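Residue strings, one per chain:
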Amino acid sequence: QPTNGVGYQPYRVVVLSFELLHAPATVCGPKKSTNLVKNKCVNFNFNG
Amino acid sequence: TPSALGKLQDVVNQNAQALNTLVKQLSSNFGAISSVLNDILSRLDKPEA
């Protein structure tokens, strides 16, 4: 109905699922790159 | 024979295998989602984490 109210109101979305940190890193969300400094404590970043 | 020098070899594998079963016990999940630090950091925000 158009007058459904609380407890009968309808849902319309395309439902999906994702399972993460169990996948290869094809396309992933970005951060700002630096250069490859050796023999210094740095931050490594690959899938979080 | 290899039967001689047995208990010094036994305490070498007791020390070495005790150190190595300490190291592979960091693969044990302990009721968490993982034993890995990085999964627990990346998958969750800090008050749930």
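Our structure is the block above this text.
Residues numbered from 1 in each chain as written, not as in the entry; some residues may be left out. Chains lettered and ligands numbered in written order. Part of a larger assembly, values for the part shown. Heavy atoms only, no water.

**What to know about the overall build of chain A**
1) Next: Across its full length, chain A holds 0 helices and 0 strands.
2) Next: By its C-alpha atoms, chain A is 65 × 20 × 15 Å across when sized along the principal axes.
3) Next: Residues counted as buried form 0% of the 48 residues belonging to chain A.
4) Next: Entry remark: accessible area of chain A is about 5,800 Å², with carbon and sulfur atoms responsible for 59%. (Helix = DSSP H or I, 4+ residues; strand = E, 2+ residues; numbered from the N terminus. Buried < 20%, exposed > 50% of the residue type's maximum accessible area, 1.4 Å probe, protein only. Areas by Shrake-Rupley, 256 points an atom, 1.4 Å probe, with all protein chains shown as cover.)

**Focus: the overall build of chain B**
1) Next: When its secondary structure is counted, chain B shows 2 helices and 0 strands.
2) Next: Across its three principal directions, the C-alpha atoms of chain B cover 60 × 15 × 15 Å.
3) Next: In chain B, which comprises 49 residues, the proportion classed as buried is 4%.
4) Next: Carbon and sulfur atoms provide 59% of the accessible area of chain B, an area that totals close to 4,400 Å².
5) Next: In chain B, 4 side chains carry a positive charge and 4 a negative one; their mean positions are 10 Å apart. (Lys, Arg positive; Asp, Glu negative; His and termini not counted. Charge placed at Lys NZ, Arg CZ, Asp CG, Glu CD.)

**Re the interface of chain A and chain B**
1) Next: Listed by partner, the interface residues are 5 residues for chain A and 4 residues for chain B.
2) Next: Across the interface of chain A and chain B, roughly 310 Å² is buried in total on both sides, 54% from carbon and sulfur atoms.
3) Next: Its largest share of buried area at the contact with chain B, chain A owes to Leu20, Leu21 and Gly48 of chain A, together 86% of the area lost on that side.
4) Next: With its nearest N and O atoms 4.0 Å apart, the salt bridge here joins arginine 43 of chain B to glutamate 19 of chain A.
5) Next: For the side of chain A that touches chain B, a count of residues per class yields 2 nonpolar, 2 polar and 1 charged. (Contact = heavy atoms within 4.5 Å. Buried area = accessible area lost by both parts, 1.4 Å probe. Salt bridge = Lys/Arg side-chain N within 4 Å of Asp/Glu carboxyl O. Nonpolar A, V, L, I, M, F, W, Y, C, P; charged D, E, K, R; others polar.)

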